């Protein structure tokens, strides 16, 4: 879905997404990480 951490690109978000949801399918939107399913 969305996250609560700032991002400096989608790359560094993939691990976030992975930690949060369990997916390595994330993006950086409004300088915040994002995740998918």
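Numbers run from 1 along the shown chain.
Even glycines carry a Cβ here, placed using N, Cα and C.
Per Swiss-Prot, the features are:
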type     : residues : note
DISULFID : 7-28     : disulfide bond
DISULFID : 13-33    : disulfide bond
DISULFID : 17-35    : disulfide bond
SITE     : 27       : site 'Basic residue of the functional dyad'
SITE     : 36       : site 'Aromatic residue of the functional dyad'
Can you tell me which recorded positions out of 17, 35, 36 are within 10 A of residue 7 (disulfide bond) by Cα, answering none if there aren't any?
-> none
From the Cα of residue 13 (disulfide bond) across to the Cα of residue 28 (disulfide bond), what is the distance in angstrom?
-> 6
Three-state secondary structure, which DSSP defines for residue 7 (disulfide bond) | coil
The correct three-state DSSP answer for residue 33 (disulfide bond) is strand
Counting every protein chain present, what is the number of Cβ atoms, excluding its own, within 10 Å of the Cβ of residue 35 (disulfide bond)?
-> 21
Do me a favour and check the Cα-Cα span between residue 13 (disulfide bond) and residue 27 (site 'Basic residue of the functional dyad'); whole Å is fine.
-> 6
In which DSSP state, out of helix, strand and coil, do we find residue 17 (disulfide bond)?
-> helix
